[PDB]
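*Asks:* I would like the atomic coordinates for the input below:
(one chain, ligands or ions: 1)
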Amino acid sequence: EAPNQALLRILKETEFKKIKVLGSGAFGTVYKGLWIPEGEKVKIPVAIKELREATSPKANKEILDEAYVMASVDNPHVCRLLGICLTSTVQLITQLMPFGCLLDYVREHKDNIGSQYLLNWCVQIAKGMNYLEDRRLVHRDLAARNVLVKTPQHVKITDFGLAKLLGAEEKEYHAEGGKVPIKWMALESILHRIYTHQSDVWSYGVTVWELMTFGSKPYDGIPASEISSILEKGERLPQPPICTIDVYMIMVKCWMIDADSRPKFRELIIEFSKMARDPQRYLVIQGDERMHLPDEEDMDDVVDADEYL
Ligand SMILES: *CCC(=O)Nc1cc(Nc2ncc(C(=O)OC(C)C)c(-c3cn(C)c4ccccc34)n2)c(OC)cc1N(C)CCN(C)C
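*Replies:* Numbers count the residues shown, from 1 in each chain. Take a look at the structure below.
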């Protein structure tokens, strides 16, 4: 197989400054900050994840795994890793996505989100995923929470916590134990712990559903442990109010039991692409026409990661 010649950049801790906390939990702490490479007269808005405060050899292993994947991907619809910093704790440094995750975004902006935006996100997520598929990579955790918003017009896939690189000989991926997001995964993933690109397509379907319902919890109520039987019955997520049958049919096709029957990311690009040419024909949102969506501080040597190569 092809040698992976990605560069892993190591960053001095003096080169960046953590300006405010963004979040906290099982993963650690994510800060927003600025990265100023030395003598370069450029200032790059970044997100920085350090591991809580601890050093668990089974956790350091996991952030370094994530670094590995992120360093191996270069695409406008996939999040960019800027580098790692090897201090007390291993720090992951990425491009700041100022509008946060897309689940939270649609929740907060339902009244302002038009069909053009929804369909575009669909194209963009599909484009990222298709790229990942080209790079033989299975994401395994696609959800609206794991898509970040750089601008309302521009989203990127994140969270390579669970991503696995398939061998040129490998067709699926057998996983082990592990906590998993049940409501987003294909039937095979629940029954056999098989994961393919086509299992990601299923997750893509659920992600589209999240967007179209402005951020509903899939199978709200239904406890995790009985989802497998529900799906084998033939039951699926309901048609969201705003969705034409044309759109809902794409979601449904992502949720076929036979994985080869599901759409390919490349196809999804085409389909949504066509729909985003005439959005009002495909999504019915009241007040669609009169809907608009949206500089920080300090100095003006500021350059987005996308323009720092
Ligand atoms: C959905 C929650 C969220 O993401 N909230 C959020 C996010 C961000 N921006 C941002 N930019 C980059 C990254 C990122 O790639 O971080 C890597 C891991 C270094 C993240 C981010 C990634 N994870 C896993 C997070 C968990 C929690 C918080 C952030 C991240 N996030 C901003 O930047 C302005 C704000 C933001 N807000 C404050 C939370 C949403 N509330 C408004 C509801």
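
*Asks:* make it CA atoms for all contacts and neighbour counts henceforth
*Replies:* Will do.

*Asks:* which parts of the chain are helices?
*Replies:* Chain-ordered helices for the chain, with DSSP state H as the definition, fall at 57-70, 102-109, 115-134, 187-191, 197-212, 227-233, 245-253, 265-275.

*Asks:* dump the ones you listed to TSV, plus mean neighbour count.
*Replies:* TSV is the format used below for the helices of the chain (neighbours: other CA atoms under 10 Å):
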stretch	mean neighbour count
helix 57-70	16
helix 102-109	18
helix 115-134	23
helix 187-191	18
helix 197-212	25
helix 227-233	13
helix 245-253	18
helix 265-275	18
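
*Asks:* quick one: closest of the ones you listed to residue 13.
*Replies:* helix 57-70 (16.8 Å; CA to CA).

*Asks:* nearest spatial neighbour of residue 171, skipping sequence neighbours?
*Replies:* Nearest in space to residue 171, with sequence neighbours left out and distances taken as CA to CA, 6 or more residues apart in numbering, is residue 196 at 7.2 Å.

*Asks:* test my guess that the one you found contacts residue 173.
*Replies:* Yes - with contacts defined as CA atoms under 8 Å, residue 196 counts as touching residue 173 at a distance of 6.5 Å.

*Asks:* and the gap between residue 215 and the ligand?
*Replies:* To the ligand, residue 215 is 12 Å away according to CA to the nearest ligand atom, to the nearest Å.

*Asks:* pull the number of nearby residues for that residue.
*Replies:* The burial count assigned to residue 215 is 21, neighbours taken as other CA atoms under 10 Å.

*Asks:* doesn't residue 107 make contact with it?
*Replies:* Yes - with contact defined as CA under 8 Å, residue 215 counts as touching residue 107 (5.4 Å).

*Asks:* what residues are up against residue 165?
*Replies:* For residue 165, the contact set (CA atoms under 8 Å, 6 or more residues apart in numbering) comprises 136, 137, 138.

*Asks:* list the contacts for the residue nearest to residue 171?
*Replies:* Contact partners of residue 196, counting by CA under 8 Å, 6+ apart, are 138, 171, 172, 173.

*Asks:* which of these has the most neighbours?
*Replies:* Of all these, the highest neighbour tally under other CA under 10 Å goes to residue 138, namely 25 neighbours.

*Asks:* quick check: residue 155 touching residue 149?
*Replies:* Yes - Residue 155 lies in contact with residue 149 (CA under 8 Å); the separation is 4.6 Å.

*Asks:* these two: which has the busier surroundings?
*Replies:* Remark: of residue 155 and residue 149, residue 155 carries more neighbours, 26 against 20, as counted by other CA under 10 Å.

*Asks:* those strands in the protein, which residues are they?
*Replies:* Residue ranges of the strands in the chain, as given by DSSP state E, are 16-24, 29-35, 44-50, 81-86, 90-95, 137-138, 147-151, 154-157, 164-165, 173-174, 194-195.

*Asks:* nearest to residue 13 among the contacts of residue 165?
*Replies:* Distance ranking of the contacts of residue 165 against residue 13, using CA to CA, places residue 137 first at 30.8 Å.

*Asks:* just give me the neighbour total for the closest one.
*Replies:* Using other CA under 10 Å, the number of residues around residue 137 comes to 21.

*Asks:* please apply the same query to residue 101.
*Replies:* By other CA under 10 Å, 20 other residues sit near residue 101.

*Asks:* do residue 144 as well
*Replies:* By the other CA under 10 Å criterion, the neighbourhood of residue 144 contains 24 residues.

*Asks:* ok, the one 4 residues further on next?
*Replies:* Around residue 148 there are 27 other residues, counting by other CA under 10 Å.

*Asks:* leaving out sequence neighbours, find the closest residue to it.
*Replies:* The shortest distance from residue 148 to any residue other than its chain neighbours is 4.2 Å, reached at residue 101 (CA to CA, 6+ apart).

*Asks:* against residue 154, how distant is the one you found?
*Replies:* 12 Å (CA to CA, to the nearest Å).

*Asks:* can you tell me how far the nearest residue to residue 253 once chain neighbours are set aside sits from residue 165?
*Replies:* Counting by CA to CA, 6+ apart, residue 253 lies nearest to residue 262, which is 5.4 Å off, once chain neighbours are set aside. If you measure residue 262 against residue 165 using CA to CA, the figure is 21 Å.
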